[PDB]
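Asks: Just dropping in an experimental structure and the matching sequence.
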Amino acid sequence: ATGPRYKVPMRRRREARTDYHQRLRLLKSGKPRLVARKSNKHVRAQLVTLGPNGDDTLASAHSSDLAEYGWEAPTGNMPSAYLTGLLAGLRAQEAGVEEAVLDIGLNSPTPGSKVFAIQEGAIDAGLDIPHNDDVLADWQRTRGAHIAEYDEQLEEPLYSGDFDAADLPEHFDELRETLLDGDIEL
Amino acid sequence: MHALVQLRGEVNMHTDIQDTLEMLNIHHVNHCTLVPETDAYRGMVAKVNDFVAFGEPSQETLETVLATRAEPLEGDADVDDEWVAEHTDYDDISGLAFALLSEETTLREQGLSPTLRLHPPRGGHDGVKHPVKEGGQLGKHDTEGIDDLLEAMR
Amino acid sequence: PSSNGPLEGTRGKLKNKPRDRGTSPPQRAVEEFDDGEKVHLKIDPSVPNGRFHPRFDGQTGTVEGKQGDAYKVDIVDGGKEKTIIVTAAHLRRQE
Amino acid sequence: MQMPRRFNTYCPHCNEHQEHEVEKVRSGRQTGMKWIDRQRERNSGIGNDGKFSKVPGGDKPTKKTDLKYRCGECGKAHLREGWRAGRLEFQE
Amino acid sequence: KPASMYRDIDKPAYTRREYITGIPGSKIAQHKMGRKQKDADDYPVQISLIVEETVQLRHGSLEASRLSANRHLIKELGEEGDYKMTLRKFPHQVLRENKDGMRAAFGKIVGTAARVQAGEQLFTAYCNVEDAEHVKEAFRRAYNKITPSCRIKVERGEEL
RNA sequence: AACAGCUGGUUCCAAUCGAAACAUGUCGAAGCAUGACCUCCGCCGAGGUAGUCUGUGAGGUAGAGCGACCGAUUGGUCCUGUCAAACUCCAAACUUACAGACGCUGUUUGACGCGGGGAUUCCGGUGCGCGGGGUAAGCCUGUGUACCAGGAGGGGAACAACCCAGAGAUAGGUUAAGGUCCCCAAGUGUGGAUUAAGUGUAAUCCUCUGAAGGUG
RNA sequence: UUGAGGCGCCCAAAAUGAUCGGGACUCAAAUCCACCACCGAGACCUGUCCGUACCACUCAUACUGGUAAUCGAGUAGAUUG
RNA sequence: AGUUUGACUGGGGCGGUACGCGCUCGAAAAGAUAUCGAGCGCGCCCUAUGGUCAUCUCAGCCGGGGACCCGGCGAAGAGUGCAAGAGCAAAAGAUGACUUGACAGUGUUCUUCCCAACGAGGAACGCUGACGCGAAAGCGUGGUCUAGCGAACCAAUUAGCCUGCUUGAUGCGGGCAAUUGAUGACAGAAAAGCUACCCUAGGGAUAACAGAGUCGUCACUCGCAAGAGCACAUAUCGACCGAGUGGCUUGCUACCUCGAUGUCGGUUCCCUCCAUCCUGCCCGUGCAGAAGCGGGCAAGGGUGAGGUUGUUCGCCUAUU
RNA sequence: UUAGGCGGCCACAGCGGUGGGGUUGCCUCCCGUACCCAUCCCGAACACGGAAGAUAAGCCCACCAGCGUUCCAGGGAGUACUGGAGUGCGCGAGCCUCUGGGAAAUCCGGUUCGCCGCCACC
Ligand SMILES: [Cl-]
Ligand SMILES: [Cl-]
Ligand SMILES: [Cl-]
Ligand SMILES: [Cl-]
Ligand SMILES: [Cl-]
Ligand SMILES: [K+]
Ligand SMILES: [Mg+2]
Ligand SMILES: [Mg+2]
Ligand SMILES: [Mg+2]
Ligand SMILES: [Mg+2]
Ligand SMILES: [Mg+2]
Ligand SMILES: [Mg+2]
Ligand SMILES: [Mg+2]
Ligand SMILES: [Mg+2]
Ligand SMILES: [Mg+2]
Ligand SMILES: [Mg+2]
Ligand SMILES: [Mg+2]
Ligand SMILES: [Mg+2]
Ligand SMILES: [Mg+2]
Ligand SMILES: [Mg+2]
Ligand SMILES: [Mg+2]
Ligand SMILES: [Mg+2]
Ligand SMILES: [Mg+2]
Ligand SMILES: [Mg+2]
Ligand SMILES: [Mg+2]
Ligand SMILES: [Mg+2]
Ligand SMILES: [Mg+2]
Ligand SMILES: [Mg+2]
Ligand SMILES: [Mg+2]
Ligand SMILES: [Mg+2]
Ligand code: NA
Ligand code: NA
Ligand code: NA
Ligand code: NA
Ligand code: NA
Ligand code: NA
Ligand code: NA
Ligand code: NA
Ligand code: NA
Ligand code: NA
Ligand code: NA
Ligand code: NA
Ligand code: NA
Ligand code: NA
Ligand code: NA
Ligand code: NA
Ligand code: NA
Ligand code: NA
Ligand code: NA
Ligand code: NA
Ligand code: NA
Ligand code: NA
Ligand SMILES: [Sr+2]
Ligand SMILES: [Sr+2]
Ligand SMILES: [Sr+2]
Ligand SMILES: [Sr+2]
Ligand SMILES: [Sr+2]
Ligand SMILES: [Sr+2]
Ligand SMILES: [Sr+2]
Ligand SMILES: [Sr+2]
Ligand SMILES: [Sr+2]
Ligand SMILES: [Sr+2]
Ligand SMILES: [Sr+2]
Ligand SMILES: [Sr+2]
Ligand SMILES: [Sr+2]
Ligand SMILES: [Sr+2]
Ligand SMILES: [Sr+2]
Ligand SMILES: [Sr+2]
Ligand SMILES: [Sr+2]
Ligand SMILES: [Sr+2]
Ligand SMILES: [Sr+2]
Ligand SMILES: [Sr+2]
Ligand SMILES: [Sr+2]
Ligand SMILES: [Sr+2]
Ligand SMILES: [Sr+2]
Ligand SMILES: [Sr+2]
Ligand SMILES: [Sr+2]
Ligand SMILES: [Sr+2]
Ligand SMILES: [Sr+2]
């Protein structure tokens, strides 16, 4: 920018979307990456592999296409995250993918976070992924219990639209139960 | 196709330059060879440019020299039309000369020594200390120029 | 030379042009080569580890197996055969 | 330089990490009954005594560390390469 | 010391003051003479002294020639005549002398010189058509004090 | 019959190949050892690479430039004056790794390579190109190359390394460098111009000087 | 009046006897631009022979025939008759 | 009494260490490359100034209330132990926390030593074991990279085992693996000088003297002509700077001679050079004359005697 | 790709500027602290929960060249420099010719306000 000698960062570094130092350490495993990403409203999980002209996504799952199996709840929470991971995980198994390493991008490794929920989901789908159980939220929270008990302090329905008043972690069970099922159109 | 004639001896010439002449089958002063005009050969002659005389000869001249100085791969045997006819893919010297000039074959392929051992230039040459443009005999020559030299070294 | 260390006279060859300064892209540090492949050797100023002796910059060897994540590349120093341990970060496929 | 009197490190005997105690190697006393001792007596006579007429060399500006690392559980010590150090004080 | 000792360019460029100490000061008093508040474009005539051979000119010579030239312009046009002259080269090359025989001979620092390539302008003066023959005379005296033969060339000027 | 790393000497013919005057270590620099390099023998069995072209790479010297770093370096009320072995926004020629192609070479002349026997050698020198030191040197110390050393014969008045030229014997011929007025083989050659100083009749050079400046 | 080029002149002093090798040379026997014909090596071409290497035949390294444009200098030194 | 008292070196000595290491340049854009080459460093320091993880972004400038607080600009000029060059910004830097991988064993490869053999040392990259941190990939075989280093014999030290002469017990020994202790002349001897009383082997491989090359020094000249010379550059004197000639001084170099080319000064006797002191012939003058000053041609002839000092040189005297 | 995720090349992509775009869609800003988690102090950030509002930021789409950068034509320049050769020139430092290569500054006019890969998606 200033002159001939000026040094402009790599594009994805300017955009502040790719931590290249973390990326290298990640790519060293030689395994595919389980890309866990978040949006204010959605959660995405991708199984990316290295390629000659750029990465290759062999399977993915977006919280949006979660409804395609019977999801009538919001898509920016724990139950949403876990399920999206499981879906992507299952699709991954179908593609022949057997193992991966969790890539959480610029998100923080906070215990019980959603990226770890995504990870737990993928692991349950049958994917072998280096993890640490006690960094994963305890079952109930993944189910969405923390949200139900929150709506208990009602007086005003947590959810605007009507999915339900006291919400349902039971819906979480139905959807998971539905995915672990062999049939299911992936 | 160019005609190469070494006009300057080996003493004091760079070794990589001397080795080049040897790869072009010339091992003595006044020895001539016929070389196709390729990028590969072009570099070689450019490297030897200062110890040689070269250029494209006329059909006739090549014929005179072939008759007078060509030799079998082995032996004394004169290389005349009959020889050419009973040993080569051609009917006479002219057919051979033409094919060489048109770069369709080589003296070797036809069972001939790759080298034409010429005689010193009758009447002397223009000197080996200057190029053609300066009045000398070194470097690239005119077709008429090469012809004069080759004919003189008949 | 006034000294005989490994980096003597390596000012130029081990320095980045200002614009190529800074951490290098990971892609080439993870590249995979097969035994028999011809590879050019050139140290990447920005990459500290996995280097070979500077004297060998410019060589084009032959991958002949590996040691850990680094590669074992065969070359000929003058007339002598040598095996060089080097990571992909400092290698490039020939052609 | 400073150095901890105790710390966790590999015990080549237990074959697992444990708390070791670091001590400077105290010189053991000679007996005067080693082969070299008898050779000195045997070979020293009238005139020069060859090697036995030589005297103690000099000193390097700095000496290397000379320590014993003792496993706090099995009690057995082991030795390590030393490193040049002008001074060495243990912390505690 | 004779110039024969330093006039040729037979040594590496030696100018790095970060590695050379005790360099004698320059004897050149001025590089811009005459009316330095005026421009060169404000004059019809521009004459330059051109060096015909590549050489090194010690600061002692620059000053002597610059002096004998400007000193003439002063005498003929006045201490404020309407003209301006410039010595465009500066003595960057540091000079040594080995003043023990050839043992540890690297010389001690003794001076500075300017490297001038053949065909370059050492001096360039600007004057009016009237004082054209005076500047030519100043240069004649100037080239009698520097090693090489020179050409007095009239650049901007055709009133002949 | 002391020992010496020091001086001197070491006796017949011929045929093939043919160096090193350098690197590492050394109480080592007038010496050795280990390598480089020379040579001899056995083994292996199909490629090899002194030249060039092209492709895929390596490089910051020449040059250049610095409102591109850096540090030097002018003046005026942006402009205006300069530089760099230990500066670089630039950047050759060129050198170099690997591969293919052409060339050359090898498969009875066995290359490339491997193993073993025997060395000599580790005072070098010169020309040219590039250097660094030095006022310089027929100086000192590098580097690449060809030569002398260890290279005849022709030329250069003579003359290790400048020019031609690398050479079995003998014989005929034609040239090379160089030369053609005589000495001295070949022209008192041709067309044209300049010079009046015997300038000059002197490639290169310790060797052949001739400068700044000046010349109706 | 002024610019450019060619050759020459001044600048130019050393020790036994001056020199371009010498003689000597001036529309040259000098210098520059061209050009013509010649002389001149052991180089190059060519006849015969010798050595060495290789090939064919052979017990032969004895003869005989063949190949060498791509063999023929050499100090120290290695190898062989 | 026996010996030692090193090497390098524009001869040797004195000085210095280019005697072991690292960096830039020299170095001629691959690699390699010398000099008593230019600039300059290392013989340690650090339990954190090592390791990991989390959080974070530095110099410097500006604006608001050279300490602190807020905002903006800001690819890197900060910082990173110490030379130099290089590396590094969601870090290799800073802060905080945790931790001891500065771990044991054993290798591959490169380097040391380009090519091309050679040890100690060093580095990169592995494996086995045991660990630290991290969610995990992963990172940690000390400090971002290149200096910070040492053989055999002997001793001490660490853990287990082998072994000592017919045999058993005890003592005390011998050994396998490794750590520490130094040789800096740093691929390791335990080590001062004089010789003119000297001696030998050799060297012109190397100095004194003469020659030779060079010419900085020395001698002489030329160009330009500031200046002064009451005015006047050029009667005369003549700075600066610039260009040369000589080979008389001095210095440099190490070509020639060390199985020998006799030293300084003087003397005697011969030849020569000219940059001329006199003599001849001239030009200028700040040339009235006389006596001078300066310059030109010119080497035929002349240029002498004495006092001090070995002196050359030089000082001094009377003649000329 | 009517706004997305992961990238490769790593300024042709930077700096700066103009215009346009979003009812249950996407990205955001945004709203909000019971929880997982968090600030050496702050739900600012990190983390979690969520849609009342908005297209003003970001982002995506279209475009501008003043600065920086890449490439191209002409000029500078076959200049500077240079590998091979020369009984060519110069007192000399050095230069020239033939042969094979061949810049840099700078001027001028164009180019460049990213290109490409995988996945997902009215
Ligand atoms: Cl995200
Ligand atoms: Cl290596
Ligand atoms: Cl200790
Ligand atoms: Cl020969
Ligand atoms: Cl005469
Ligand atoms: K002598
Ligand atoms: Mg034949
Ligand atoms: Mg003839
Ligand atoms: Mg001729
Ligand atoms: Mg360099
Ligand atoms: Mg014999
Ligand atoms: Mg014989
Ligand atoms: Mg330069
Ligand atoms: Mg000899
Ligand atoms: Mg005659
Ligand atoms: Mg004459
Ligand atoms: Mg004795
Ligand atoms: Mg000595
Ligand atoms: Mg190099
Ligand atoms: Mg000892
Ligand atoms: Mg001990
Ligand atoms: Mg030593
Ligand atoms: Mg050594
Ligand atoms: Mg004696
Ligand atoms: Mg001598
Ligand atoms: Mg005598
Ligand atoms: Mg006279
Ligand atoms: Mg006389
Ligand atoms: Mg808008
Ligand atoms: Mg000459
Ligand atoms: Na980089
Ligand atoms: Na005894
Ligand atoms: Na001295
Ligand atoms: Na002896
Ligand atoms: Na030698
Ligand atoms: Na030696
Ligand atoms: Na000796
Ligand atoms: Na081939
Ligand atoms: Na040059
Ligand atoms: Na020879
Ligand atoms: Na002769
Ligand atoms: Na004459
Ligand atoms: Na011999
Ligand atoms: Na000693
Ligand atoms: Na080693
Ligand atoms: Na002398
Ligand atoms: Na002189
Ligand atoms: Na005498
Ligand atoms: Na006289
Ligand atoms: Na006297
Ligand atoms: Na605090
Ligand atoms: Na917007
Ligand atoms: Sr005894
Ligand atoms: Sr005794
Ligand atoms: Sr000591
Ligand atoms: Sr020089
Ligand atoms: Sr002059
Ligand atoms: Sr080079
Ligand atoms: Sr005539
Ligand atoms: Sr004529
Ligand atoms: Sr001589
Ligand atoms: Sr000359
Ligand atoms: Sr002149
Ligand atoms: Sr012979
Ligand atoms: Sr022979
Ligand atoms: Sr031979
Ligand atoms: Sr003694
Ligand atoms: Sr001396
Ligand atoms: Sr490190
Ligand atoms: Sr016993
Ligand atoms: Sr004393
Ligand atoms: Sr005495
Ligand atoms: Sr005279
Ligand atoms: Sr007189
Ligand atoms: Sr004397
Ligand atoms: Sr005296
Ligand atoms: Sr908020
Ligand atoms: Sr001169
Ligand atoms: Sr071209």
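Replies: Good, I have the coordinates. Residues are numbered from 1 along each chain as shown, chains lettered A, B, ... in the order given. Ligands and ions are numbered 1, 2, ... in the order given.

Asks: Run a quick neighbour tally on residue 32.
Replies: Picked chain A for this. 26 (other Cβ atoms under 10 Å in any protein chain shown). In short, each C-beta sits where N, CA and C put it, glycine included.

Asks: Please refer instead to chain C.
Replies: 11.

Asks: Over to residue A:143?
Replies: 21.

Asks: same deal with residue B:94?
Replies: Count around residue B:94 with other Cβ under 10 Å applied: 17.

Asks: Confirm that it sits in a helix.
Replies: Yes. Assigned with DSSP: H, G, I helix; E, B strand; the rest coil, residue B:94 falls within a helix.

Asks: That one: what's it in contact with?
Replies: With contact set as Cβ atoms under 8 Å, 6 or more residues apart in numbering or on different chains, residue B:94 has these partners: B:59, B:63.

Asks: roughly how far apart are it and residue B:61?
Replies: Computed as Cβ to Cβ, to the nearest Å, the residue B:94 to residue B:61 distance reads 12 Å.

Asks: who's in contact with residue 117?
Replies: Because you didn't say which chain, this covers chain A. Neighbours of residue A:117 in contact, by Cβ under 8 Å, 6+ apart: A:78, A:81-82, A:85, A:136-137, A:142.

Asks: Chain B is the one I meant
Replies: B:28, B:30-32, B:69, B:71.

Asks: Residue A:35: which of the contacts of residue A:117 is nearest?
Replies: Checking the contacts of residue A:117 against residue A:35 by Cβ to Cβ gives residue A:85 as the nearest, at 10.9 Å.

Asks: Show me what residue of chain D gets nearest to chain A.
Replies: residue D:17 (21.9 Å; Cβ to the nearest Cβ).

Asks: Which secondary structure state does that residue sit in?
Replies: Under three-state DSSP, residue D:17 comes out as strand.

Asks: That one pairs with what?
Replies: residue D:10 (DSSP bridges).

Asks: Please determine how far it is located from ligand 31.
Replies: 39 Å (Cβ to the ion, to the nearest Å).

Asks: Would you confirm that that residue contacts residue D:11?
Replies: Yes. Here residue D:17 lies in contact with residue D:11, judged by Cβ atoms under 8 Å, at a distance of 7.0 Å.

Asks: who's more crowded, these two?
Replies: Between residue D:17 and residue D:11, counted using other Cβ under 10 Å, residue D:11 has the larger neighbour count: 21 against 11.

Asks: Now for the closest residue to that one other than its chain neighbours: which residues touch it?
Replies: Distances taken as Cβ to Cβ, 6 or more residues apart in numbering or on different chains put residue D:71 closest to residue D:11, at 4.2 Å, once the chain neighbours are dropped. By Cβ under 8 Å, 6+ apart, residue D:71 lies in contact with D:11, D:13-14, D:18-20, D:77-78.

Asks: Got phi/psi on residue D:71?
Replies: phi -70, psi 130 (degrees, to the nearest 10).

Asks: Tell me what it is bridged to.
Replies: Going by DSSP bridges, residue D:71 forms beta bridges with residue D:20.

Asks: can you tell me if the helix or strand residue E:62 falls within touches RNA strand F.
Replies: Element membership for residue E:62, per DSSP states H and E: helix E:59-77. No. Applying Cβ under 7 Å from any atom of the strand, one finds helix E:59-77 separated from RNA strand F by no less than 10.3 Å.

Asks: Buried ones in that helix, by neighbour count?
Replies: For helix E:59-77, burial by neighbour count (16 or more other Cβ atoms under 10 Å in any protein chain shown) applies to E:59-70, E:72-74, E:77.

Asks: Stretch B:44-61 too?
Replies: Residues of stretch B:44-61 classed as buried under the neighbour-count rule (16+ other Cβ under 10 Å) are B:44-45, B:47-48, B:51-58, B:61.

Asks: Any idea how far apart the tips of that stretch sit?
Replies: 24 Å (Cα to Cα, to the nearest Å).

Asks: What segments of chain E are strands?
Replies: E:32-34, E:45-51, E:55-58, E:84-87, E:93-97, E:108-116, E:121-127, E:150-154 (DSSP state E).

Asks: Let me see the residues that make contact with stretch C:72-92.
Replies: Stretch C:72-92 has contacts (Cβ under 8 Å, 6+ apart) with C:24, C:28-33, C:39-44, C:47, C:49-53, C:56, C:59-67, C:69-71.

Asks: No more questions from me, cheers.
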